[PDB]
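# Secondary and tertiary structure notes
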Amino acid sequence: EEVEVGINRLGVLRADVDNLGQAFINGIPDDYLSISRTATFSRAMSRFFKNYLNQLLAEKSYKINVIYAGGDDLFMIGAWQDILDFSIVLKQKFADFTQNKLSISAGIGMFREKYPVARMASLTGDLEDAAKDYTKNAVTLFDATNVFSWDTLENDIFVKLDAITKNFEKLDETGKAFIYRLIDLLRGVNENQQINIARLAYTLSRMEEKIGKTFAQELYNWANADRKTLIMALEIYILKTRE
RNA sequence: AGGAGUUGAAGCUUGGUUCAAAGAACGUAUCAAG
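Everything in this summary refers to the structure shown in the same document.

Next up on the list: the pairing of strand 3 (residues 74-79). Among the 6 residues in strand 3, 6 count as buried, and that is most of the element. Two strands pair when backbone bridges link them, and strand 1 (residues 9-16) and strand 3 are joined in this way by 6 bridges, in the antiparallel orientation. Each residue of the ladder has a partner; that of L10, found in strand 3, is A79. Bridge analysis of strand 2 (residues 64-68) against strand 3 gives 4 bridges, and the strand direction is antiparallel. Along strand 3, the bridge assignment pairs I64 with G78.

Ordered by their spatial adjacency, 6 strands build an open sheet running 2-3-1-4-5-6, and the pairing between neighbours is mixed. Pairing within the sheet leaves two strands with one partner each, and these edge strands are strand 2 and strand 6 (147-148).

Right, let's talk about empty space enclosed by the protein for a bit. In this structure, the largest cavity occupies an estimated 40 Å³ of space. Every residue lining the largest cavity is listed: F48, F49, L53, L56, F86 and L90. No other element matches helix 2 (residues 35-59), which puts 4 residues into the lining of the largest cavity. Broken down by class, the residue content of the lining of the largest cavity amounts to 6 nonpolar, no polar and no charged.

Here we come to the side chain of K160. Tracing the backbone through its elements, the reader meets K160 in helix 5 (residues 150-170). According to the relative accessible area criterion, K160 is buried, its value standing at 5%. Ignoring sequence-local partners within four residues, the contact set of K160 consists of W222, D226, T229, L230 and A233.

A separate point is the pattern of salt bridges. Under the counting rule described, the total for this entry stands at 11 salt bridges. Measuring nitrogen to oxygen at the nearest pair gives 2.6 Å for the salt bridge that ties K132 to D16. Of the two residues, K132 sits in helix 4 (residues 117-133) while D16 sits in strand 1, which places them 116 residues apart along the sequence. Overall, the relative accessible area of 29% leaves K132 in the partly exposed class. Across the salt bridge formed by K60 and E59, the nearest N and O atoms sit 2.4 Å from each other. Overall, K60 belongs to the partly exposed group, its relative accessible area being 36%. Residue class for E59 comes out partly exposed when judged on its relative accessible area of 47%. If you follow the salt bridges from partner to partner, you end up with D16, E128, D129 and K132 in one network.

Moving on to the layout of surface pockets. The volume enclosed by the second largest pocket comes to roughly 390 Å³. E1, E2, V3, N8 and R9 are the residues nearest the centre of the second largest pocket, which is lined by 17 residues in total. Looking at the lining of the second largest pocket, the elements that each hand over two or more residues are strand 1 and helix 3 (80-97). Partitioned by chemical class, the residues of the lining of the second largest pocket number 6 nonpolar, 3 polar and 8 charged.

Before going further, it helps to spend a moment on helix 3. For helix 3, with 18 residues, the first-to-last C-alpha span of 25 Å sits near the 26 Å given by 1.5 Å per residue. In the structure, helix 3 departs most strongly from a straight axis at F86, where the bend amounts to approximately 25 degrees. Positive backbone phi, approximately 55 degrees, marks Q99, located one or two places after helix 3.

What counts and what doesn't
Residues numbered from 1 in each chain as written, not as in the entry; some residues may be left out. Chains lettered and ligands numbered in written order. Part of a larger assembly, values for the part shown. Heavy atoms only, no water. Residues with missing side-chain atoms left out of burial classes, pairs and counts. Buried < 20%, exposed > 50% of the residue type's maximum accessible area, 1.4 Å probe, protein only. Helix = DSSP H or I, 4+ residues; strand = E, 2+ residues; numbered from the N terminus. Pairing = 2+ DSSP bridges. 1 Å grid on protein atoms, 1.4 Å probe; cavity = no way out; pocket = protein on both sides within 12 Å on 5 of 7 lines; lining within 4 Å. Points joined across faces, edges and corners; volume = space filled by probe spheres on them. Nonpolar A, V, L, I, M, F, W, Y, C, P; charged D, E, K, R; others polar. Contact = heavy atoms within 4.5 Å. Salt bridge = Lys/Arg side-chain N within 4 Å of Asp/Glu carboxyl O. Expected span 1.5 Å × (residues − 1). Bend = angle between axes of the 7 residues up to and from the residue.

Shape descriptors only; they carry no functional weight alone.
So, in structure tokens, the structure goes:
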């Protein structure tokens, strides 16, 4: 109820450190090998997760309830806006703490307000298992069909989302019916590949004078080069801007 | 004293202009949370 910007959903993060097993067992090489170094390694990992997770969630008023944390396990239920905006924060702070050599995978799920927590946790655990099945670092946005690498998600999806949010704000009457027709074409293009690309070019030059001279050609470029990213960018755009 | 021979011929048969715009994109109830 404090959120008054997006869709009334509850977003769920489950994360775990991948490849933690052989790194914890035999990670430090045999030449410069110490026992207290391993003690600092594991004690610093648990230390990081506990105190930096509480401080990173305290410094900005994130509407996130942490259930439990740890290296092996992480489970947080909150508003989906803060969960999505905090997953990149947690990934980058883990990369800074571990000097970006311990990988991390995660799974973001999104559920309605009154949903059972047991089925919630099982579904999001399934999502993050599908993320770690890719066998590298990745994340699933809301579904097992949308698996993205962390740099891919962060860079591609968030620059496309920020560009879309800059462009459709200054437009006075374009959204959101144009965006729904655009998503209809960009998900029909998976099966009927040619005619939806033709309809896409037709609509973009149709609304060249309306949505912008350069944004329409940018959408036409993005919808051929890195397509599947832009569908998720538009979907989370509407999920953010729904009143 | 009137007879014949032409009863229409050629040209254009539509030209250009916007060719679905804005809205809603599931809401609730058990499930859950408290």
